[PDB]
Structures are given as C-alpha cells and as structure tokens.
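Chemist: Submitted below is the structure of interest, expressed as structure tokens.
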Amino acid sequence: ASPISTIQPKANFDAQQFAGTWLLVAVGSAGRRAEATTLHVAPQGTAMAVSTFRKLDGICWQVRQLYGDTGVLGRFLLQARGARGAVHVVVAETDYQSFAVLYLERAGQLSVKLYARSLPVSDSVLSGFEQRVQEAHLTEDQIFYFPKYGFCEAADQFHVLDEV
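Counting with the deposited numbering, you get residues 10 to 41, 49 to 180 for the letters of the sequence shown.
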C-alpha cells in the first residue's frame, strides 16, 4: 500500500550502534532555506530519542522527539500533533560509522535523507544516495543539499521544543 511499506529496513538494526551525532547532508523530496542540522540520537527502550539542532540566524534551536518502534527493527513512527500528520521512518542503509540513508513518509509522500557522521561524505556514498533517489522516482533536481557550515548542537531553555 504505502510507498514506505515496501522499503527494506537495515537487517538487525542496532540502535546502540546508531546512537550519537549525525549530520544532515541532503534530502530527496518532491514536496515544497536549508539550515545546518545536527541530530543527537539515543536508544530509549526499543525506540530512539532524537534531538535535532538547527542553526537559524546565529541561534541554535532544539526539537526533542521520540522515534517509536513500529515492530520491525529499523522501522519507526513520529507522532502527529500540533505540527502535521504522522511520519513513518525507516533506517534502510547504514554502516553506523559513517553514513545512513533514511526514508520518511508524510501524508503518503516518500522522501529520502542522507546523514553522515562527519564531512566529507565519501564519493561512493554520495553516488549511492543519488542512485537511491533515482530509484525512488525522484530527480536530481529534487535533491536539496543542507549547509556544511554553521552547525550547532546545544540550545538554551528558551529555544527548545519538546514533542515527546
């Protein structure tokens, strides 16, 4: 049925190895200014607590979310409330140590995201991500690259949004 339902998750996905800091590199999407984005991931039971830090006009903003486990390892759900509808997430490919390719579905629309432990991303991984975007029926023109400078990973109490 849903486009993401057929996306294969990382075999034996290990949240413990996936924990830590990830940098958002690019997003392939047909929907719709990219901010330097850093994720801090931590296992929470069978789910993953995810804090995303975004730099906007010199200020760091944090959003706390919970990627709930939908059953199969590597498949998650981000609750719908206040913002928009429910978002399904799948960690499809990752070596845990350098890159991760995640697929997300919102309102029935599938998008693909590339994360890296550090920059630069290897040529093989960039080309691989592009191949996955093409296979997802998206064009190179639908790939949006995020900042490689201006990252932040700490926000004060006045710039934190808790969705959990």
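Even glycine gets a Cβ: it sits at the ideal position worked out from N, Cα and C.
#1: For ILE13, count neighbouring C-beta atoms within 10 Å of its own C-beta (all shown protein chains included) and say buried if the count is 16 or more, exposed if not.
#2: Among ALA35, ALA102 and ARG49, which residue has its Cα nearest to the Cα of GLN125?
#3: Just to confirm, is the Cβ distance from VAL105 to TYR131 under 9 angstroms?
#4: Checking the sheet assignment: what are the DSSP bridge partners for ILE13?
#5: Does any heavy atom of the ligand GDP sit closer than 8 angstroms to the C-beta of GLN147?
#6: Verify whether the separation of the beta carbon atoms of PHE92 and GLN78 is less than 9 angstroms.
#7: For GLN147, which of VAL88, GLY37 and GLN25 has the nearest alpha-carbon?
#8: Taking the alpha-carbon of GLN26 as reference, which of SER138, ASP111 and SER134 has the nearest alpha-carbon?
#9: Going by C-alpha to C-alpha distance, which of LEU72, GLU179 and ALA39 sits closest to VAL149?
Modeler: Looking at the coordinates:
#1: Position 4 of the sequence shown, counted from the start, is the residue given in the question as residue 13. Buried, because 16 or more other Cβ atoms sit within 10 Å of the Cβ of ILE13.
#2: Residue 125 sits at position 109 when you count from the first residue of the sequence shown. Just measuring C-alpha positions, the residue of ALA35, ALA102 and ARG49 sitting nearest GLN125 is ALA102.
#3: As a working mapping, residue 105 is identified with position 89 in the sequence shown. As a working mapping, residue 131 is identified with position 115 in the sequence shown. For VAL105 and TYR131, no; Cβs fall outside 9 angstroms.
#4: Numbered from 1 along the sequence shown, position 4 holds the residue referred to as residue 13. Beta bridge pairing from DSSP links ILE13 with no other residue.
#5: Among the components modelled here there is no ligand, and therefore nothing to report on the ligand GDP.
#6: One-based indexing of the sequence shown puts residue 92 at position 76. One-based indexing of the sequence shown puts residue 78 at position 62. Result no, Cβ atoms of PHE92 and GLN78 do not sit closer than 9 angstroms.
#7: The residue you call residue 147 lines up with position 131 of the sequence shown. Looking at the Cα atoms, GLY37 is the closest of the given residues.
#8: For this step, residue 26 is matched to residue 17 along the sequence shown. With distances taken between Cα atoms, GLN26 lies closest to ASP111.
#9: Reading the sequence shown from its first residue, position 133 is the one you call residue 149. Nearest option by C-alpha distance: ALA39.
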